[PDB]
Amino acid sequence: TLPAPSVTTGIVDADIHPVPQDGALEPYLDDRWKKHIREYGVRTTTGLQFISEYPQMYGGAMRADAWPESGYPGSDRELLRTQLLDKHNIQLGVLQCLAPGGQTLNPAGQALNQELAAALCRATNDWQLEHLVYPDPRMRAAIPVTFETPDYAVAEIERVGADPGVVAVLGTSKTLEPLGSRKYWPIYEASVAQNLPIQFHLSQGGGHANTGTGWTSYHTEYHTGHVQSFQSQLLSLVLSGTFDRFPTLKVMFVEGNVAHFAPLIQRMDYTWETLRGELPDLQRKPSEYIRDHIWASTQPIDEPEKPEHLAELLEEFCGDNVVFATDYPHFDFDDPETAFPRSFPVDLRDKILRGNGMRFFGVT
């Protein structure tokens, strides 16, 4: 009986990062998993006990003002309500929790123990609805699920997926197979059956090196390199015909940037002209799927040298499928009043801040 999300004068924020407070998941966890995590932590695709393979540089990559009186940035419900939800008149802000907090900062779903992973995803979903979305229904939940055990993720989608406080299904940008692979179609089927779209957020981990040709060294390399994963996942989700099988499926590439998709998509078509006959069951020209199936968030906003270049390239992607995100509380946080260049078209700015997001999330 919670109401559907209503965006009128306010804006849509597609990427918000809450963190559970120390101990706060333990009400939704079996005793065996509390024991497990005390004894072993949340093992993942590293050899490190407490950190990921590229730990963040300058203060954990948090903006230095978002630290509360007790917890990590994102862990205080009141500071997030004031420093974010009111301050920018966000009427729909989508929680994307990528850490169960405490001593572990990797996404739940990427725990190498997948049974632990599904319990962590479940406790996270129960915690973010009871602690944030329901007391402050401006926030809604993108549910983390175990994309590398589809059985467990279908089960979770079917357990909380119809909850009005749920607007999306949260995955990660890196995976063991390209997301266009049949392994993940059951999760799409179970998503669609709840008329839910799916957000893939920037991540490390996954199983392979962070580029297709080696492990990066320097932080410019790691952070810039994040967009390669997204470039790789589009080509597979499109050229696999995932969207033929699932024609009501909405996927958004969250924090992969936007501009680079356009000459990628363009190169896909040009290549596909000559070699289309390798994949004859592909029903449409590759670029044709974008407007129906592929969204992106703005943050971190592209910054071309000629600002006129920006809106040119967002339109070459698809102007109706770019949606605004703060990425609160991270350091490269984008602001709704200051993100776009001074010369930015104003109709495009309003439907990113509003229109396109309402479409992606089924707002009417």
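Numbering starts at 1 and follows the sequence shown. Between two forms, the rigid core is the largest collection of C-alphas that superpose within 1.5 Å.
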Inset, instruction - State which stretch is farther from the displayed form on average in 4 other deposited structures of this protein, 228 to 236 or 74 to 82, counting RMS CA distance after fitting on the rigid core. - result: 74 to 82
Legend entry - residue 104 dropped in a third or more of the other entries: yes
Legend entry - Missing coords for residue 68 in a third or more of other PDB entries: yes
Inset, instruction - Tell me which of 248 to 256 and 112 to 120 has the higher mean C-alpha B-factor in the deposited entry. - result: 248 to 256
Legend entry - Entry-level comparison of average CA B-factors, 98 to 106 and 195 to 203, reporting the higher stretch: 98 to 106
Inset, instruction - Kindly indicate the residue among 315, 39, 303, 53 with the greatest C-alpha B-factor in the PDB record. - result: 315
Inset, instruction - Taking the values exactly as deposited, rank residue 151 by C-alpha B-factor within its chain and report the matching third: lowest, middle or highest. - result: lowest
Legend entry - Third of the chain's Cα B-factor distribution that residue 270 belongs to, per the entry: middle
Legend entry - Chain third (lowest, middle, highest) by recorded CA B-factor, residue given as residue 73: highest
Inset, instruction - Would you check the entry's CA temperature factor for residue 323 and let me know if it's in the chain's lowest, middle or highest third? - result: middle
Legend entry - Chain third (lowest, middle, highest) by recorded CA B-factor, residue given as residue 67: highest
